[PDB]
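Participant: My structure file protein-v9.cif, mmCIF, C-alpha atoms and all ligand atoms, is below:
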```cif
data_coords
#
loop_
_atom_site.label_atom_id
_atom_site.label_comp_id
_atom_site.auth_asym_id
_atom_site.auth_seq_id
_atom_site.Cartn_x
_atom_site.Cartn_y
_atom_site.Cartn_z
CA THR O 5 -113.92 -69.42 54.13
CA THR O 6 -115.25 -67.08 51.43
CA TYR O 7 -117.83 -69.69 50.53
CA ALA O 8 -118.98 -69.43 54.17
CA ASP O 9 -119.01 -65.66 54.34
CA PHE O 10 -120.99 -65.84 51.14
CA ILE O 11 -123.56 -68.35 52.41
CA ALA O 12 -123.81 -66.32 55.63
CA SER O 13 -124.61 -63.08 53.78
CA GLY O 14 -127.96 -61.69 52.71
CA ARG O 15 -127.00 -62.02 49.08
CA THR O 16 -127.48 -65.69 48.23
CA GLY O 17 -131.05 -65.28 47.01
CA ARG O 18 -132.25 -63.86 43.69
CA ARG O 19 -130.65 -60.47 43.16
CA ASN O 20 -133.00 -57.92 41.60
CA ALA O 21 -131.86 -55.27 39.11
CA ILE O 22 -131.70 -51.54 39.80
CA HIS O 23 -134.00 -49.73 37.39
CA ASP O 24 -132.74 -46.48 38.88
CA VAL Z 15 -118.96 -66.14 11.27
CA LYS Z 16 -118.56 -62.93 9.30
CA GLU Z 17 -120.68 -64.58 6.61
CA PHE Z 18 -123.21 -65.73 9.22
CA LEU Z 19 -123.46 -62.39 10.99
CA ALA Z 20 -123.98 -60.35 7.84
CA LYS Z 21 -126.93 -62.51 6.79
CA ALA Z 22 -128.29 -62.54 10.34
CA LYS Z 23 -127.91 -58.76 10.50
CA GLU Z 24 -130.15 -58.51 7.46
CA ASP Z 25 -133.04 -60.49 8.97
CA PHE Z 26 -132.85 -58.54 12.19
CA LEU Z 27 -132.81 -55.25 10.26
CA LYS Z 28 -135.85 -56.35 8.31
CA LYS Z 29 -137.81 -57.18 11.45
CA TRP Z 30 -136.25 -54.29 13.39
CA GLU Z 31 -137.53 -51.77 10.85
CA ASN Z 32 -141.02 -53.29 10.58
CA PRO Z 33 -141.77 -54.73 14.03
CA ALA Z 34 -144.85 -56.93 14.41
CA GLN Z 35 -147.75 -55.94 16.68
CA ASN Z 36 -150.88 -57.39 18.29
CA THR Z 37 -150.40 -61.00 17.18
CA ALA Z 38 -152.42 -62.70 19.91
CA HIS Z 39 -154.89 -62.20 22.73
CA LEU Z 40 -155.10 -63.30 26.39
CA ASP Z 41 -158.23 -65.43 25.95
CA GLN Z 42 -156.35 -67.72 23.57
CA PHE Z 43 -153.99 -68.70 26.38
CA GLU Z 44 -154.79 -70.79 29.44
CA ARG Z 45 -153.12 -69.64 32.66
CA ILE Z 46 -151.23 -72.43 34.41
CA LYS Z 47 -148.60 -71.14 36.86
CA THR Z 48 -146.16 -68.39 37.92
CA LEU Z 49 -142.49 -69.34 37.46
CA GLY Z 50 -140.95 -65.95 38.06
CA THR Z 51 -141.70 -62.47 39.32
CA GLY Z 52 -140.47 -58.90 39.11
CA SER Z 53 -140.94 -55.30 40.14
CA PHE Z 54 -143.40 -54.65 37.34
CA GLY Z 55 -144.41 -58.05 36.04
CA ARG Z 56 -144.59 -61.82 36.54
CA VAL Z 57 -143.88 -64.78 34.27
CA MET Z 58 -146.32 -67.66 33.84
CA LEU Z 59 -146.48 -71.05 32.19
CA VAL Z 60 -149.31 -70.85 29.71
CA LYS Z 61 -150.86 -73.21 27.20
CA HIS Z 62 -152.04 -72.06 23.78
CA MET Z 63 -155.43 -73.77 23.35
CA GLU Z 64 -155.32 -73.80 19.57
CA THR Z 65 -152.01 -75.59 19.13
CA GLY Z 66 -151.97 -77.05 22.63
CA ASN Z 67 -148.48 -75.62 23.10
CA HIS Z 68 -146.93 -74.39 26.32
CA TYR Z 69 -145.42 -70.90 26.28
CA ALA Z 70 -143.84 -68.56 28.78
CA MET Z 71 -145.91 -65.41 29.03
CA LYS Z 72 -144.53 -62.27 30.56
CA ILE Z 73 -147.14 -59.93 31.92
CA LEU Z 74 -146.02 -56.35 32.50
CA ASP Z 75 -148.05 -53.92 34.59
CA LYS Z 76 -148.04 -50.75 32.47
CA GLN Z 77 -148.52 -48.54 35.52
CA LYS Z 78 -145.68 -50.23 37.32
CA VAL Z 79 -143.50 -49.71 34.22
CA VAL Z 80 -144.21 -45.97 34.28
CA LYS Z 81 -143.62 -45.50 38.02
CA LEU Z 82 -140.26 -47.19 37.60
CA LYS Z 83 -139.36 -45.27 34.42
CA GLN Z 84 -139.08 -48.26 32.08
CA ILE Z 85 -141.31 -47.33 29.15
CA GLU Z 86 -138.51 -46.89 26.64
CA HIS Z 87 -136.71 -49.97 28.04
CA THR Z 88 -139.91 -52.03 27.70
CA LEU Z 89 -140.43 -50.70 24.16
CA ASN Z 90 -136.79 -51.65 23.48
CA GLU Z 91 -137.26 -55.20 24.82
CA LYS Z 92 -140.25 -56.09 22.64
CA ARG Z 93 -138.80 -54.43 19.51
CA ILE Z 94 -135.55 -56.40 19.80
CA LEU Z 95 -137.02 -59.79 20.69
CA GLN Z 96 -139.51 -59.91 17.83
CA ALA Z 97 -136.56 -59.26 15.53
CA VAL Z 98 -133.68 -61.32 16.95
CA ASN Z 99 -133.03 -65.00 16.59
CA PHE Z 100 -130.26 -67.22 17.93
CA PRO Z 101 -129.89 -70.77 19.26
CA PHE Z 102 -129.28 -69.47 22.78
CA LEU Z 103 -131.90 -66.70 22.86
CA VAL Z 104 -135.43 -67.23 24.08
CA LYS Z 105 -138.04 -66.71 21.37
CA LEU Z 106 -140.62 -63.87 21.30
CA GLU Z 107 -143.46 -65.79 19.65
CA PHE Z 108 -146.32 -63.37 20.28
CA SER Z 109 -146.94 -59.95 21.76
CA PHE Z 110 -150.03 -57.89 22.59
CA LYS Z 111 -151.57 -55.69 25.23
CA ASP Z 112 -154.86 -54.85 26.86
CA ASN Z 113 -156.18 -52.08 29.06
CA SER Z 114 -153.87 -52.92 31.96
CA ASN Z 115 -150.95 -54.96 30.66
CA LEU Z 116 -148.26 -55.66 28.04
CA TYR Z 117 -147.66 -59.26 27.04
CA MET Z 118 -144.80 -61.25 25.61
CA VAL Z 119 -145.37 -64.94 24.87
CA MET Z 120 -142.30 -67.02 24.21
CA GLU Z 121 -140.89 -70.52 23.94
CA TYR Z 122 -141.00 -72.27 27.31
CA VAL Z 123 -137.66 -73.43 28.73
CA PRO Z 124 -138.48 -76.20 31.22
CA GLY Z 125 -134.96 -76.68 32.62
CA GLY Z 126 -135.21 -73.92 35.21
CA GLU Z 127 -132.74 -71.19 36.21
CA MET Z 128 -128.99 -71.69 36.20
CA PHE Z 129 -129.25 -69.76 39.46
CA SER Z 130 -131.16 -72.66 41.06
CA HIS Z 131 -128.91 -75.40 39.79
CA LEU Z 132 -125.84 -73.29 40.63
CA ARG Z 133 -127.01 -72.59 44.20
CA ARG Z 134 -128.06 -76.20 44.89
CA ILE Z 135 -124.86 -77.72 43.47
CA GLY Z 136 -122.56 -75.15 45.04
CA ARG Z 137 -120.29 -74.70 41.99
CA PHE Z 138 -119.72 -76.00 38.46
CA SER Z 139 -116.55 -77.65 37.23
CA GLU Z 140 -114.55 -75.58 34.73
CA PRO Z 141 -115.57 -77.82 31.86
CA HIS Z 142 -119.19 -77.20 32.91
CA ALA Z 143 -118.77 -73.45 33.34
CA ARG Z 144 -116.81 -73.33 30.08
CA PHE Z 145 -119.69 -75.02 28.23
CA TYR Z 146 -122.16 -72.28 29.23
CA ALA Z 147 -119.72 -69.40 28.95
CA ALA Z 148 -119.12 -70.36 25.35
CA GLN Z 149 -122.84 -70.04 24.71
CA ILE Z 150 -122.84 -66.59 26.29
CA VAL Z 151 -119.76 -65.66 24.26
CA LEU Z 152 -121.36 -66.44 20.90
CA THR Z 153 -124.67 -64.84 21.93
CA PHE Z 154 -122.87 -61.62 22.79
CA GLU Z 155 -121.02 -61.76 19.46
CA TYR Z 156 -124.38 -62.12 17.76
CA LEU Z 157 -126.17 -59.29 19.58
CA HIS Z 158 -123.14 -57.03 19.56
CA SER Z 159 -122.75 -57.30 15.79
CA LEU Z 160 -126.31 -55.97 15.57
CA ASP Z 161 -125.45 -53.02 17.85
CA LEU Z 162 -127.34 -54.42 20.85
CA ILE Z 163 -125.89 -54.34 24.37
CA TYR Z 164 -127.52 -56.92 26.66
CA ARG Z 165 -126.75 -55.43 30.10
CA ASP Z 166 -128.40 -57.92 32.45
CA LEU Z 167 -126.38 -61.12 32.44
CA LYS Z 168 -126.84 -63.16 35.63
CA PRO Z 169 -127.67 -66.78 36.64
CA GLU Z 170 -131.22 -65.67 37.36
CA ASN Z 171 -131.64 -64.71 33.71
CA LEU Z 172 -130.05 -67.85 32.25
CA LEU Z 173 -132.28 -70.86 31.56
CA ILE Z 174 -131.36 -74.51 30.91
CA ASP Z 175 -133.33 -76.08 28.02
CA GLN Z 176 -133.97 -79.78 27.35
CA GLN Z 177 -130.77 -80.61 25.48
CA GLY Z 178 -128.98 -79.00 28.41
CA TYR Z 179 -128.13 -75.73 26.66
CA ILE Z 180 -128.52 -72.19 28.03
CA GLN Z 181 -131.14 -69.74 26.89
CA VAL Z 182 -130.72 -66.03 27.66
CA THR Z 183 -133.84 -64.31 28.97
CA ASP Z 184 -134.91 -60.84 29.97
CA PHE Z 185 -134.14 -58.00 27.58
CA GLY Z 186 -135.55 -55.21 29.70
CA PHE Z 187 -132.19 -53.40 29.42
CA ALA Z 188 -131.24 -54.61 25.94
CA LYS Z 189 -130.92 -51.66 23.60
CA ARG Z 190 -129.70 -50.97 20.07
CA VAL Z 191 -126.79 -48.61 20.60
CA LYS Z 192 -124.17 -47.40 18.17
CA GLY Z 193 -122.04 -45.13 20.36
CA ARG Z 194 -121.82 -44.39 24.09
CA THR Z 195 -124.83 -44.98 26.35
CA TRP Z 196 -125.45 -43.68 29.87
CA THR Z 197 -128.35 -45.45 31.46
CA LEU Z 198 -127.42 -46.76 34.92
CA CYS Z 199 -128.88 -50.28 34.96
CA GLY Z 200 -128.30 -53.97 35.64
CA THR Z 201 -127.78 -55.89 38.85
CA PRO Z 202 -125.24 -54.79 41.50
CA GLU Z 203 -122.98 -57.86 41.58
CA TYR Z 204 -122.63 -57.64 37.80
CA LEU Z 205 -122.13 -53.87 37.34
CA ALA Z 206 -119.03 -52.85 35.34
CA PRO Z 207 -116.91 -50.03 36.77
CA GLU Z 208 -117.82 -47.57 33.99
CA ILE Z 209 -121.48 -48.00 34.88
CA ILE Z 210 -121.09 -47.35 38.59
CA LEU Z 211 -118.79 -44.40 37.92
CA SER Z 212 -121.47 -42.72 35.77
CA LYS Z 213 -119.20 -42.28 32.77
CA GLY Z 214 -120.96 -43.52 29.66
CA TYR Z 215 -120.11 -47.01 28.45
CA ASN Z 216 -120.34 -49.53 25.63
CA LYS Z 217 -120.65 -53.21 24.79
CA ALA Z 218 -117.56 -53.69 26.97
CA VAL Z 219 -119.90 -53.92 29.96
CA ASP Z 220 -121.32 -57.15 28.55
CA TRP Z 221 -117.83 -58.73 28.67
CA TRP Z 222 -117.20 -57.65 32.26
CA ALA Z 223 -120.48 -59.26 33.30
CA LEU Z 224 -119.38 -62.36 31.35
CA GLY Z 225 -116.29 -62.64 33.54
CA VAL Z 226 -118.51 -62.21 36.58
CA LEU Z 227 -120.77 -65.03 35.42
CA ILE Z 228 -117.85 -67.39 34.77
CA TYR Z 229 -116.25 -66.77 38.14
CA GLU Z 230 -119.53 -67.20 40.03
CA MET Z 231 -120.06 -70.35 37.98
CA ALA Z 232 -116.65 -71.82 38.86
CA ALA Z 233 -116.43 -70.58 42.46
CA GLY Z 234 -120.00 -70.86 43.72
CA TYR Z 235 -119.99 -67.19 44.79
CA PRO Z 236 -119.48 -63.72 43.15
CA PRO Z 237 -116.06 -61.99 42.93
CA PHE Z 238 -117.63 -58.92 44.58
CA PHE Z 239 -120.28 -59.38 47.27
CA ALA Z 240 -121.42 -57.73 50.50
CA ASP Z 241 -124.84 -57.14 52.06
CA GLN Z 242 -125.40 -53.77 50.40
CA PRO Z 243 -124.67 -52.40 46.90
CA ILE Z 244 -122.35 -49.55 47.95
CA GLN Z 245 -119.95 -51.94 49.65
CA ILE Z 246 -120.24 -54.12 46.54
CA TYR Z 247 -119.52 -51.10 44.33
CA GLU Z 248 -116.33 -50.25 46.20
CA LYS Z 249 -115.05 -53.78 45.68
CA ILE Z 250 -115.95 -53.49 42.00
CA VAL Z 251 -114.24 -50.14 41.38
CA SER Z 252 -111.33 -51.27 43.53
CA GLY Z 253 -109.29 -53.03 40.87
CA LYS Z 254 -108.72 -56.04 43.13
CA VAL Z 255 -109.97 -59.61 42.70
CA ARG Z 256 -109.27 -62.87 44.57
CA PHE Z 257 -109.63 -66.31 43.00
CA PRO Z 258 -110.31 -69.67 44.68
CA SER Z 259 -107.46 -72.19 44.93
CA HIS Z 260 -108.92 -74.69 42.47
CA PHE Z 261 -109.22 -72.06 39.71
CA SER Z 262 -106.79 -73.09 36.98
CA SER Z 263 -104.14 -70.59 35.88
CA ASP Z 264 -105.76 -70.17 32.47
CA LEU Z 265 -108.99 -69.42 34.30
CA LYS Z 266 -107.50 -66.89 36.72
CA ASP Z 267 -105.82 -65.24 33.71
CA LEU Z 268 -108.89 -65.14 31.48
CA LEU Z 269 -110.83 -63.61 34.38
CA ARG Z 270 -108.04 -61.06 34.93
CA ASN Z 271 -108.50 -59.57 31.45
CA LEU Z 272 -112.28 -59.86 31.50
CA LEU Z 273 -112.53 -58.23 34.94
CA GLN Z 274 -110.31 -55.32 33.88
CA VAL Z 275 -111.32 -51.88 35.16
CA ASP Z 276 -109.16 -50.31 32.48
CA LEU Z 277 -111.71 -50.68 29.67
CA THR Z 278 -108.89 -49.78 27.27
CA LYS Z 279 -107.22 -52.99 28.42
CA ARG Z 280 -110.26 -55.22 29.03
CA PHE Z 281 -110.65 -58.32 26.87
CA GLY Z 282 -113.57 -58.26 24.47
CA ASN Z 283 -113.22 -54.48 24.13
CA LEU Z 284 -109.92 -54.62 22.23
CA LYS Z 285 -108.87 -54.47 18.58
CA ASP Z 286 -109.34 -58.18 17.88
CA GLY Z 287 -112.47 -58.02 19.99
CA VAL Z 288 -114.16 -61.25 20.95
CA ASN Z 289 -111.33 -63.36 19.55
CA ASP Z 290 -109.14 -62.42 22.55
CA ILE Z 291 -111.75 -64.43 24.39
CA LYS Z 292 -112.49 -67.26 21.96
CA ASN Z 293 -108.78 -67.75 21.25
CA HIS Z 294 -107.87 -67.63 24.95
CA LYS Z 295 -106.18 -70.64 26.55
CA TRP Z 296 -109.05 -71.53 28.90
CA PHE Z 297 -111.06 -71.95 25.67
CA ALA Z 298 -108.44 -74.08 23.88
CA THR Z 299 -110.62 -77.19 24.00
CA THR Z 300 -113.75 -75.43 22.82
CA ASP Z 301 -115.10 -76.18 19.36
CA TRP Z 302 -117.14 -73.02 18.76
CA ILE Z 303 -119.00 -74.24 15.68
CA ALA Z 304 -119.81 -77.39 17.65
CA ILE Z 305 -121.33 -75.33 20.42
CA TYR Z 306 -123.33 -73.25 17.93
CA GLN Z 307 -124.61 -76.42 16.28
CA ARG Z 308 -125.76 -77.88 19.61
CA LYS Z 309 -123.75 -81.05 19.03
CA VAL Z 310 -121.46 -80.80 22.05
CA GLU Z 311 -122.07 -83.02 25.05
CA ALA Z 312 -124.10 -81.16 27.66
CA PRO Z 313 -122.51 -81.50 31.13
CA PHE Z 314 -125.94 -81.84 32.70
CA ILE Z 315 -129.43 -82.60 31.44
CA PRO Z 316 -132.30 -81.24 33.54
CA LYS Z 317 -135.15 -83.68 34.09
CA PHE Z 318 -138.61 -83.27 32.59
CA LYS Z 319 -141.37 -85.47 33.99
CA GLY Z 320 -143.60 -84.44 31.11
CA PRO Z 321 -144.71 -81.56 28.85
CA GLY Z 322 -145.47 -78.52 30.97
CA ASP Z 323 -143.54 -79.82 33.96
CA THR Z 324 -142.25 -77.19 36.41
CA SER Z 325 -140.29 -78.91 39.18
CA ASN Z 326 -137.25 -76.88 38.12
CA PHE Z 327 -138.95 -73.60 39.02
CA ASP Z 328 -139.79 -72.35 42.50
CA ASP Z 329 -143.34 -71.70 43.65
CA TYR Z 330 -144.59 -68.11 43.68
CA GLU Z 331 -147.77 -66.79 45.27
CA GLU Z 332 -150.37 -66.77 42.50
CA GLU Z 333 -152.24 -63.51 41.89
CA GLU Z 334 -155.18 -63.24 39.51
CA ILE Z 335 -154.75 -61.17 36.34
CA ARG Z 336 -156.78 -57.98 36.40
CA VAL Z 337 -157.70 -55.84 33.40
CA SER Z 338 -159.36 -52.49 34.17
CA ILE Z 339 -162.26 -51.28 32.01
CA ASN Z 340 -160.21 -48.22 31.06
CA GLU Z 341 -157.00 -47.96 29.03
CA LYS Z 342 -154.23 -46.93 31.44
CA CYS Z 343 -151.25 -45.72 29.41
CA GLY Z 344 -152.25 -45.44 25.77
CA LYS Z 345 -149.71 -43.19 24.07
CA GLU Z 346 -146.74 -44.28 26.20
CA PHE Z 347 -147.10 -47.80 24.83
CA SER Z 348 -148.79 -47.06 21.52
CA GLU Z 349 -146.04 -48.76 19.53
CA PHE Z 350 -146.18 -51.99 21.55
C1 LIG S 1 -139.78 -69.95 32.06
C2 LIG S 1 -139.49 -69.40 30.68
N1 LIG S 1 -139.55 -70.13 29.56
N2 LIG S 1 -139.25 -69.39 28.48
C3 LIG S 1 -138.95 -68.10 28.80
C4 LIG S 1 -138.59 -66.96 28.10
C5 LIG S 1 -138.35 -65.75 28.80
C6 LIG S 1 -138.48 -65.66 30.22
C7 LIG S 1 -138.20 -64.35 30.94
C8 LIG S 1 -138.33 -63.10 30.29
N3 LIG S 1 -138.07 -61.91 30.91
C9 LIG S 1 -137.66 -61.90 32.20
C10 LIG S 1 -137.49 -63.11 32.95
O1 LIG S 1 -137.07 -63.20 34.29
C11 LIG S 1 -136.50 -62.03 34.86
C12 LIG S 1 -136.15 -62.27 36.32
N4 LIG S 1 -135.15 -63.32 36.38
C13 LIG S 1 -135.59 -60.98 36.92
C14 LIG S 1 -135.29 -61.03 38.39
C15 LIG S 1 -134.05 -61.50 38.91
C16 LIG S 1 -133.83 -61.51 40.30
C17 LIG S 1 -134.84 -61.04 41.20
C18 LIG S 1 -136.10 -60.56 40.68
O2 LIG S 1 -137.21 -60.05 41.43
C19 LIG S 1 -137.10 -60.00 42.84
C20 LIG S 1 -138.38 -59.46 43.53
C21 LIG S 1 -138.22 -57.98 43.97
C22 LIG S 1 -139.50 -57.45 44.67
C23 LIG S 1 -140.77 -57.65 43.80
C24 LIG S 1 -140.93 -59.10 43.31
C25 LIG S 1 -139.64 -59.62 42.63
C26 LIG S 1 -136.29 -60.57 39.29
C27 LIG S 1 -137.77 -64.32 32.28
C28 LIG S 1 -138.86 -66.86 30.93
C29 LIG S 1 -139.10 -68.06 30.25
#
```
For the file at hand, write its structure as structure tokens.

Facilitator:
Amino acid sequence: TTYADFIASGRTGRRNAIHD
Amino acid sequence: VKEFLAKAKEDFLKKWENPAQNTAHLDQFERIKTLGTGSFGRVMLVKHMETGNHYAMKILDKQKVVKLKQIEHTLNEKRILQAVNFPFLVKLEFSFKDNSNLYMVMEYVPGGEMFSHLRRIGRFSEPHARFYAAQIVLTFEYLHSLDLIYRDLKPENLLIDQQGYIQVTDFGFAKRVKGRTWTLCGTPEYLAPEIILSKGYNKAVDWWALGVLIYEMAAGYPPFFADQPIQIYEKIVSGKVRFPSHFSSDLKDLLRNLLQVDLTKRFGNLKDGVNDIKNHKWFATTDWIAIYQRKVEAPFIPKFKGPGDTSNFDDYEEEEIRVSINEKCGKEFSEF
């Protein structure tokens, strides 16, 4: 399930912005 | 609306043309706790000893701002916040600086980050997501009318107040722009296609991020994710999107126009502008003036165990504030 692939990825924490 | 904006534009212009400076000092505030952190600053709960009020104070390391090339951006942020005003915008109450840092004291929003609530709960129901999206819609209509592009919409930057309403935070990329702009900035998952394709862009990027927010709010996850920006960027500039099965048709549709790569076909950036959004089916039940007046029933009310409570914020390693005996970046931040 997408929800699973999501939860299993390294992108469920706070996502910082790219200044550059 | 058009009567409201005009008037509002006039107050902003007043303050925008004569921005306020050095209206407070560090020693007047008592340090209480870190509720957020960043690449060049941290945010702390603070209490103003004279009034006994709690504020959110944003401390920016001036040297970290220079290394990361954010002087102008930082100067933009302060200049816009001391001049804007809206029910869903955090308030820049005071600002000042010292040898080492820049400071922005604002109204404290005890509800915590939508991010947190969103992650913990999994996903919001459409009526719940719709309630917050409306708030973001009006806020963007406000800002936009004043020629400001927000550029950093994301759960992490949205705060829930006491009455259960959202409060936009972080204006590090906000900027008064009449005409194309080129700065590459924001957060990966929320980057419009024009931005990633280095082609100059406009307010239309704020509406694409809106659609991203909504989807993430109704699905529990982002429409474009992977474990590394590039792979996320390909998905973004792909022109493909997949919606969950519970997403209503009106919702899939609304997202289809919002998440349109063809910025000459993307809702919000059309001839009737924002109305293509506000008058969209998914929004049929929304009483916009009601939302603006904060009289609509909040889907969820965060809990406050007392003034200055912080259970809705994570714990961050505390680091003492240091102020060198020498000014570090005088001219760069002279107008702050
Ligand atoms: C509370 C409160 N009440 N009232 C307020 C009014 C305003 C603001 C506020 C103002 N400006 C910015 C704010 O937060 C920005 C923060 N979400 C940005 C952010 C997002 C994801 C990951 C991050 O670092 C990730 C890590 C990368 C590596 C270095 C450390 C950070 C950083 C918040 C807060 C409050």

Participant: If we count only C-alpha atoms and set the cut-off at 6 Å, which residues sit around stretch 189-191 of chain Z, ignoring sequence neighbours fewer than 4 positions away in its own chain? Please answer as a VMD selection string.

Facilitator: chain Z and resid 90 161 to 163

Participant: Set the distance at 7 Å and use only C-alpha atoms: which residues neighbour stretch 8-24 of chain O once local chain neighbours fewer than 4 positions away are removed? I'd like the list as a list in words.

Facilitator: residues 82, 170, 198, 199, 200, 201, 235 and 241 of chain Z

Participant: Write out as a count of residues only each polymer residue whose atoms come within 7 Å of residue Z:107, counting only C-alpha atoms; drop sequence neighbours fewer than 5 positions from it.

Facilitator: 3

Participant: Show me, as an NGL selection string, every residue of chain Z with an atom at most 9 Å from chain O, counting only C-alpha atoms.

Facilitator: :Z and (52-53 or 82-84 or 129 or 133 or 166 or 168-170 or 187 or 197-203 or 233-236 or 239-242 or 258)

Participant: Could you give me, as an MDAnalysis selection string, every polymer residue with an atom at most 8 Å away from an atom of ligand LIG 1 (chain S), counting only C-alpha atoms and all ligand atoms?

Facilitator: (chainID O and resid 18:21) or (chainID Z and resid 49:54 56:59 69:72 104:106 119:124 126 170:173 182:186 327)

Participant: Any idea what's packed within 9 Å of residue Z:314, counting all atoms listed in the file, ignoring anything in its chain fewer than 5 positions away? Could you give it as an MDAnalysis selection string?

Facilitator: chainID Z and resid 142 177:179

Participant: For the atom pair atom CA of residue Z:127 and atom CA of residue Z:316, what is the interatomic distance in Å to one decimal place?

Facilitator: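 Separation of atom CA of residue Z:127 and atom CA of residue Z:316: 10.4 Å.
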
Participant: Which one is closest to residue Z:270: Z:228, Z:40, Z:305, Z:80? Count all atoms listed in the file.

Facilitator: Z:228

Participant: How far is it from atom CA of residue Z:264 to atom CA of residue Z:297, in Å with one decimal?

Facilitator: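 We find that atom CA of residue Z:264 and atom CA of residue Z:297 lie 8.8 Å from each other.
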
Participant: Which polymer residues have any atom within 8 Å of an atom of residue Z:85, counting only C-alpha atoms, with same-chain residues fewer than 6 positions away left out, as number ranges by chain?

Facilitator: Z: 79, 346-347

Participant: For a test of reading the model, state the distance in Å between atom CA of residue Z:206 and atom CA of residue Z:238, rounded to one decimal.

Facilitator: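 Computing it gives 11.1 Å between the two atoms.
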
Participant: Place a sphere of radius 12 Å on (-126.7, -68.6, 13.7) in the file coordinates and name every protein, DNA or RNA residue with an atom inside or on its surface, counting only C-alpha atoms; give the answer as a PyMOL selection string.

Facilitator: chain Z and resi 15-23+25-26+98-103+149+152-153+155-157+302-308

Participant: Between Z:81, Z:285, Z:28, Z:47, which is the closest to residue Z:68 once you count all atoms listed in the file?

Facilitator: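 Looking only at the distances to residue Z:68, the closest residue turns out to be Z:47.
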
Participant: Scan for residues within 6 Å of the point (-148.6, -53.8, 33.7) in the coordinates of the file, using only C-alpha atoms, and reply as a PyMOL selection string.

Facilitator: chain Z and resi 74-78+114-116
